[PDB]
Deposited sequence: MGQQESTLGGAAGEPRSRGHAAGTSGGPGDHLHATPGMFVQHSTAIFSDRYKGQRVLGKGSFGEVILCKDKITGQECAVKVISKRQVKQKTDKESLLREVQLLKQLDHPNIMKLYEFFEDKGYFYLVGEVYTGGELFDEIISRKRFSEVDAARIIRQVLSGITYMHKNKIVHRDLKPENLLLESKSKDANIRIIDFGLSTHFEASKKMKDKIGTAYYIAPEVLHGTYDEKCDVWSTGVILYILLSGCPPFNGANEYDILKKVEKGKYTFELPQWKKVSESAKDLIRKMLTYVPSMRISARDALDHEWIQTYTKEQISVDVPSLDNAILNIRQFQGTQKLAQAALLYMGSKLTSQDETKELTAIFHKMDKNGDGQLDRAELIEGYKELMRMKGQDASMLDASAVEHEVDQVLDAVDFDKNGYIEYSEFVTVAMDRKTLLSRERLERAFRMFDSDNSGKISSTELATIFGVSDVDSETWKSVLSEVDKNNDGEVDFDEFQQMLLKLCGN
């Protein structure tokens, strides 16, 4: 069976773990679906085909209101296609940062759902392993949470590219790092999220990946921050049970559901936590957009040169001009079909050198507008500028050498703060331009 025989692409939803996710639509029923497309090139399998197929098969049979429903699985030469239900309420944290009030009641209601889903999957012997806020989609303000990506980390080796690793270190259980992990690792990650929901700061933090992993490996954290004063003791107690180092001594998903805090809270507003979550979230999203911008730029540069050499070879009259059919055949060649023809017609609606420019810009702006937007979001004072402290944090999360970005900053900030355009120049310099 062919994926494109049944489904057509509509919109790109974004980059997710192990692959990009596309909103697709059934050619018969008009049923909208979300599809994760995994490139066999970019991702190494950890298991045999049989084990993966069987997990897929089980997943298709599983049903829980807090777990993303998987419908279908496809495989071709270079790709796996995992087709499941579309959720439209976006990521939990984005909704949370746009709230008047947030209390232990809200956090308890969130955690109940997460725990219920986790409990269900653990009963079925399935571990997430890479569980984080971005894995938590809302179904549609009271709408249920659907956990995405369950079952992937067992069959696929985690990417080494920083673009994909962004923000994972905060949430990963220590025993996962060492290779000996079980279902309790999902409890740890869930413990970290609760900690953030109640303080707006990760319990294990740092200026870069390794500093965070180092705090995680050590296992120590505190409720020292002033804002923990406005938080019940039973919540903090649950965190302690969830953030227990040894997994055998760590509370199960099921027993967490019965905990005093979950029972009781399913009352003042934690304003500081909201402010810290908003700062935290903006930072992670800006760092991420920044890395994605550099990546799209390079990919663009690569494809720009490759497409030019194709359009040059196709110019068998040597004039620099070409017709529509040539462009289509060339664009098809770059990838080596309805989606290409449509894309071509959109560009043409907007001399092959001019075509290359606009076409690539049409990728340069998915990430350019995400970048501008994340920048404006981050600049909550609307000052138009970023401080050196803020830069350090962003590049540190981006894992860009402190001395390297400082260097680049020196060439542009010849005169202690940067605007958006400077920041973007910094990034261009940081990708060989």
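Mapping the modelled residues onto the deposited sequence reveals missing stretches at 1-44, 185-186, 313-319, 390-399, 414-422, 488-489.
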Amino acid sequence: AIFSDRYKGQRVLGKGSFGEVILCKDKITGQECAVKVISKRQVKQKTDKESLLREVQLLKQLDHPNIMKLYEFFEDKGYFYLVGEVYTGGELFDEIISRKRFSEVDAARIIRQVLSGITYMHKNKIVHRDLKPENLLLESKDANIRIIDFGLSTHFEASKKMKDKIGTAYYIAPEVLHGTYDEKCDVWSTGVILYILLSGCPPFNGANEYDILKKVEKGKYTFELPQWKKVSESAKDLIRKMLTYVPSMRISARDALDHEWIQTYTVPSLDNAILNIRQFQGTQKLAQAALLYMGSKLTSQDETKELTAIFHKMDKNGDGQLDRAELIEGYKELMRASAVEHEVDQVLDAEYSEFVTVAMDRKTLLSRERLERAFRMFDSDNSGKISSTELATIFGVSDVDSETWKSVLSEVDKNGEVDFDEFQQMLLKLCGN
From here on, numbers count along this sequence of modelled residues.
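Gaps at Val12 occur in none of the other compared entries of the protein that contain both adjacent residues, all of which model it rather than a third dropping it.
In at least a third of the other PDB entries of this protein that model the residues around it, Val412 has no coordinates. With 182-190 and 327-335 compared on mean CA B-factor from the PDB entry, the stretch scoring higher is 327-335. In this entry, the higher average B-factor at the C-alpha atoms falls on 312-320, of the pair 312-320 and 74-82. Across the residues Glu209, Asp345, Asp149, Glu175, the deposited record lists the maximum Cα B factor for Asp345. Across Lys141, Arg129, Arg240, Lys132, the greatest Cα temperature factor reported in the deposited entry is at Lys141.
Among all modelled residues in its chain, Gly19 ranks in the middle third by Cα B-factor.
The PDB entry assigns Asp255 a C-alpha temperature factor belonging to the lowest third of its chain's modelled residues. Annotation for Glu417: C-alpha temperature factor in the middle third relative to the rest of the modelled chain, per the entry. Among the modelled residues of the chain, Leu52 sits in the middle third by CA temperature factor in this PDB entry. Among all modelled residues in this chain, the alpha-carbon of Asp106 has a temperature factor (C-alpha) in the middle third.
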